[PDB]
């Protein structure tokens, strides 16, 4: 987005690629998108780049020198004058991209390019001056690294002190601090305040409790709502309807859900959503699950997964990484010796060499929960 000093217009719209190369130039050079490469509305011009040449973090933009010459042109002009090129190009200020609630006490924020927060990991106080959470909320007072970046330095994870609730938003503060957030280097451009973001809900986790049951966990209370087929919450779905909301993956294929009663979720509000598999399929290690993009398509998906006990809340969107399901059940327990046991594990399994087995199992008496037996050795 390039701000302008005066109201701007493009003579005929939409412009093409060829026109736009005569309207904006990049340093380093870029290739513009094949559809809607530039457009103007008031004092702002949006330029859509190609996915093969994205924003880098040390880039500058300027009015192309050819924008104000010749007669075979479609220049961007304010009133009747064509825009002129500044003596010095302008540096592009990155802005926050998305916010998401991957948990009831954790967020996740995306970035337009690689970035940096300094040479050391912040604390709650330092990151309280960077991010402004609109509500009466707090940052974690117990997490040692409440603000942190991932390996590629494109995602920022925040930890909260009070539960996230629908209606939350995030935006950077107005006054700068010592570390602040920058782009592409410790001495790169600083981030700026701008479009207040809205936090969208997504999946939190998922475990398999039987060979054919799965239980997803939601960051907040949610119901499944119907728009026109009904007018309110649902009660039970099929493979087709609960297959335009999410899917269960396995390698390159997909697992077949139940022909009926595939999706269940309360009408008064629940945090667990149950998915049932087909009678002839079973859960195995390495299975994944995610919310599909079709859940947000109101023109088609009549029944869809939404937060709060109403349709005025936000819908559910795909996670940045497919959630892998955790085994949550065991087959049987045997006493293969006076002091040795053997437990059937439903799937492929492994274990570390230096583990303390007292954190893997627990032996006790079914008659009252007292009188545990001592588990020793790896």
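Don't worry about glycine lacking a Cβ; one is built from the backbone with ideal geometry, like all the others, and counts go over all protein chains shown. Coordinate-derived values only; no laboratory data.
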Quiz item: Is it true that some residue in segment 265-277 is more than 16 Å from residue 216 (Cα to Cα) and surrounded by 15 or more Cβ atoms within 10 Å (Cβ to Cβ)?
Solution: no
Self-check item: Residue under evaluation residue 187, criteria (1) part of a loop (DSSP other than H, G, I, E, B); (2) in contact (Cβ under 8 Å) with a residue 12 or more places away in the chain, criterion not met
Solution: (2)
Quiz item: What is the number of the single condition among (1) without any contact (Cβ under 8 Å) to a residue 60 or more places away in the chain; (2) in contact with a strand residue (DSSP E or B) (Cβ under 7 Å, 6 or more places away or on another chain); (3) under 24 Å from residue 234 (Cα atoms) that residue 312 does not meet?
Solution: (2)
Quiz item: Hey, does segment 326-343 have a residue that's assigned to a loop (DSSP other than H, G, I, E, B) and touching a helix residue (DSSP H, G or I) at 6+ places or on another chain (Cβ under 8 Å)?
Solution: no
Quiz item: Wholly within segment 33-130, which strands (runs of 3 or more DSSP E) include no fewer than the required count, namely at least 2 residues that are exposed (fewer than 15 other Cβ atoms within 10 Å of the Cβ)?
Solution: 44-47
Quiz prompt | Single match in 367, 318 (criterion: assigned to a loop (DSSP other than H, G, I, E, B) and closer than 29 Å to residue 292 by Cα) | solution = 318
Quiz item: Applying the selection to segment 278-301, what residues are buried (at least 16 other Cβ atoms within 10 Å of the Cβ) and under 17 Å from residue 240 (Cβ atoms)?
Solution: 291, 292, 295, 301
Quiz item: Can you tell me which residues in segment 133-154 are in contact with a strand residue (DSSP E or B) (Cβ under 7 Å, 6 or more places away or on another chain) and closer than 27 Å to residue 56 by Cβ?
Solution: 147, 148, 149, 153, 154
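Residues of segment 138-169 being surrounded by 15 or more Cβ atoms within 10 Å (Cβ to Cβ) and either part of a loop (DSSP other than H, G, I, E, B) or at positive phi (or both), which ones?
140, 143, 146, 153, 154, 164, 165, 166, 168
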Practice problem: Return yes or no: is residue 238 surrounded by fewer than 20 Cβ atoms within 10 Å (Cβ to Cβ), in contact with a strand residue (DSSP E or B) (Cβ under 9 Å, 6 or more places away or on another chain), on the phi < 0 side of the Ramachandran plot and in contact (Cβ under 8 Å) with a residue 40 or more places away in the chain? | Solution: no
Exercise. For segment 362-378, name all the residues that are out of contact with any strand residue (DSSP E or B) (no Cβ under 7 Å at 6 or more places or on another chain) and more than 27 Å from residue 283 (Cα to Cα).
Key: 364, 365, 366, 367, 368, 369, 370, 371, 374, 376, 377, 378
Practice problem: Could you grab me the full set of residues in segment 291-315 that are part of a strand (DSSP E or B) and either touching a helix residue (DSSP H, G or I) at 6+ places or on another chain (Cβ under 8 Å) or on the phi < 0 side of the Ramachandran plot (or both)? | Solution: 291, 303, 304, 305, 306, 307, 315
Practice problem: Name the single residue, out of those in segment 218-264 being touching a helix residue (DSSP H, G or I) at 6+ places or on another chain (Cβ under 7 Å) and in a strand (DSSP E or B), that is nearest to residue 305 (Cα to Cα). | Solution: 263
Quiz prompt | Which numbered condition residue 329 fails, given (1) within 32 Å of the chain's Cα centre (by Cα); (2) over 30 Å from residue 200 (Cα atoms); (3) surrounded by fewer than 11 Cβ atoms within 10 Å (Cβ to Cβ) | solution = (3)
Self-check item: Number of the exception - residue 153 against (1) under 30 Å from residue 313 (Cα atoms); (2) under 18 Å from the mean Cα position of the chain (by Cα)
Solution: (1)
Quiz item: residue 12 is checked against (1) touching a residue at least 60 places away in the same chain (Cβ under 8 Å); (2) farther than 23 Å from residue 195 by Cβ; (3) out of contact with any strand residue (DSSP E or B) (no Cβ under 6 Å at 6 or more places or on another chain); (4) surrounded by 14 or more Cβ atoms within 10 Å (Cβ to Cβ) and fails just one. What number does that condition carry?
Solution: (4)
Quiz item: Taking segment 240-253 only, how many residues are over 22 Å from the mean Cα position of the chain (by Cα) and under 19 Å from residue 203 (Cβ atoms)?
Solution: 1
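Restricting to segment 334-361, name every residue that is within 24 Å of residue 213 (Cα to Cα) and either in contact with a strand residue (DSSP E or B) (Cβ under 9 Å, 6 or more places away or on another chain) or surrounded by 10 or more Cβ atoms within 10 Å (Cβ to Cβ) (or both).
343, 344, 345, 346, 347, 349, 360, 361
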